[PDB]
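Residue numbers start from 1 in every chain, and the chains themselves are labelled A, B, ... in the order their sequence lines are given, proteins ahead of strands.
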Amino acid sequence: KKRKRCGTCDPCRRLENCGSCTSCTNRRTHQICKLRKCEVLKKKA
DNA sequence: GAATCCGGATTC
DNA sequence: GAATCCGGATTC
Ligand SMILES: [Zn+2]
Ligand SMILES: [Zn+2]
């Protein structure tokens with residue numbers, strides 16, 4: 001089953017997409033803002 | 001349908 | 001082998 005964000009790390013607590021990282025910039029990506037990506041979810045599923 | 005986890009293809 | 005581009009799939 002797919003994991004949920006931890007909700008507590010600094011990226012999880014950011015309120016908005018940064019608007020300028022690769023994920024916020026690239027027009028075809030479905031990846032979350034790099035500044036928001038949950039630290040826990042960076043571990044391999 | 002939006003958000004975005006997740007993993008395949010490319011490219012190095 | 002792995003970072004990056006990319007988009008299928010789930011969960012709401
Ligand atoms: Zn961003
Ligand atoms: Zn988190």
Between B:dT4, B:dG7, C:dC6, spot the one nearest the side chain of A:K44, thanks. B:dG7
Side-chain N,O (A:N26) to OP1/OP2 (C:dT4) below 4.0 Å: no
Presence of donor-acceptor pair under 3.5 Å, side chain of A:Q31 and base of C:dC6: yes
Between atom CZ of A:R13 and atom CZ of A:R5, what is the distance when rounded to the nearest 0.5 Å? 9.5 Å
Over how many whole Å does the gap from A:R27 atom CZ to B:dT4 atom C1' extend? 20 Å
For a quick test of reading the model: is some side-chain N or O of A:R5 closer than 4.0 Å to OP1 or OP2 of B:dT4? no
Can you list, pair by pair, the side-chain donor-acceptor contacts under 3.5 Å of residues 21-29 of chain A, counting residues two or more places apart and other chains?
residue : atom : partner : partner atom : Å
A:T22   : OG1  : A:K34   : NZ           : 2.8
A:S23   : OG   : A:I32   : O            : 2.9
A:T25   : OG1  : A:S20   : O            : 3.1
A:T25   : OG1  : A:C21   : O            : 2.6
A:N26   : OD1  : A:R28   : N            : 2.8
A:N26   : OD1  : A:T29   : N            : 2.9
A:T29   : OG1  : A:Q31   : N            : 3.0

For A:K43 and A:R3, work out which heavy atoms get closest and say how close. O-NH2, 2.9 Å
Do any side-chain nitrogens or oxygens of A:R28 fall under 4.0 Å of OP1 or OP2 in C:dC5? no
Atom pairs under 3.5 Å, N or O on each side, protein against nucleotides 9-12 of chain B: can you list them with distances?
none

Atom pair distance, as rounded to whole Å: CZ in A:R3 and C1' in B:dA3: 17 Å
Which part of the nucleic acid, if any, lies within reach of A:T22 when heavy atoms closer than 4.0 Å are counted: base, sugar-phosphate only, or nothing? sugar-phosphate
Roughly how far, to the nearest 0.5 Å, is OG1 of A:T8 from CD of A:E39? 10.0 Å
Just to be sure I understand the rule, does A:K34 reach a base, reach only the sugar-phosphate, or reach nothing, if contact means heavy atoms closer than 4.0 Å? nothing
Answer yes or no as to whether C:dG7 has its base stacked against A:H30, where stacking requires a ring-centre separation under 5.5 angstrom and planes under 30 degrees apart. yes
